[PDB]
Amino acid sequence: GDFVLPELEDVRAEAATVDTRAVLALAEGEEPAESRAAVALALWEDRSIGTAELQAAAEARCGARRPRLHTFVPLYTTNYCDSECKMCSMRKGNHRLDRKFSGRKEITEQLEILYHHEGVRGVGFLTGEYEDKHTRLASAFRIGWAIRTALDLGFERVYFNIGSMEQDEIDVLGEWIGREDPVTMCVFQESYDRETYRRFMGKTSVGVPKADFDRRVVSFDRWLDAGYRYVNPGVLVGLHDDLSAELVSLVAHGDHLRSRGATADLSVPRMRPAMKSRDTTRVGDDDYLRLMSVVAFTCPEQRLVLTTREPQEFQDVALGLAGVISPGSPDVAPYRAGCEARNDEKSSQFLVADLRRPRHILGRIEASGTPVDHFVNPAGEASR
């Protein structure tokens, strides 16, 4: 019943049998005869199909999706963490980080800034992941409170990204919300390759919570078992060298979730500068656009999430592939009325490339011709 990692050799064999040109010729709303993972791999490896042509096909295939875009802004509620992810500044061993924690007042103030000054109706709550059961339950409780508070304020969509979750931890968070509430669980697997995963997230049975690959990857299944709906798997582009392996796994994971009746967003964030203990792979724009294209094409009902990790120039090229645009900063309580968000190296998870205010970024997107759901431009008669 839980997600099972696909056999990469089995998918490769199936991918050899798909007609990539026939696939591209499919009408919007038509599904290939082969599995999505196989089709994605075949499109990826068929270099006779240009990335530019693949991207155009993807944007066309996802064209009828409504709304075209919606948005949420991240709010890191703390930068404490018990884990040791080597590509992340929040790793416990990073003694150089200035550890911060948002209380009731600060979280509420941040929500109110986002709602009224940035004009957004989507928010995401983030924390580190913690080792001992009590801290995990207490974190779930606090984030559950934040989610409930955001919804009561009028936020129309709430994401959370607080590490893997077991059944009792979901129980604690769930007492704050209803089964039909617009709440999305985010748990990026980072890498579906167990060896690369261990290299960056560490070895198990030593008080490093995220090292447990299996607890993490079945978190969505526990979520769905509890009766919820919205999920957000992800791959961190730059960890594993073989992107074809990761796209097969991610598409397979999304496909599993879809089969369970889940609504899934798909995240493929690319690496950003941080206080790392191990360097990573720089993935070029072309490979990355090709990755986004095959995933978006093969999973047309599952929105890709694009964030301000990426510079303005890249957003301009890739926005057509996304279903969710998410501007913001991975610093703790970084927002302030009329000011750009803080992205201090001393306390942030990583350094983002685009620090322009969410309402400017989202305003320019709307001005360019694409409406953004869960964004209410604080302009004209809608201004205070």
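A residue's number is simply how far along the shown sequence it sits, counting from 1.
- Legend: mean Cα B-factor per stretch from the PDB entry, 80-88 versus 241-249; the higher mean is in 241-249.
- As listed in the deposited structure, the average C-alpha B-factor of 339-347 and of 58-66 is greater for 58-66.
- When the C-alpha B-factors of 367, 376, 15, 361 are read from the PDB record, the largest value belongs to 15.
- For the set 74, 202, 254, 178, the PDB entry puts the maximum C-alpha B factor at 202.
- Among the modelled residues of its chain, residue 157 has a C-alpha B-factor that falls in the lowest third, as given in the PDB entry.
- Ranked against the other modelled residues of its chain, the C-alpha B-factor of residue 102 as given in the entry falls in the lowest third.
- Split the chain's modelled residues into thirds by C-alpha temperature factor. Residue 32 is in the highest one.
- Residue 120: CA B factor lies in the lowest third for its chain, per the PDB record.
- Remark: residue 325 belongs to the lowest third of its chain, ranked by C-alpha B-factor as recorded.
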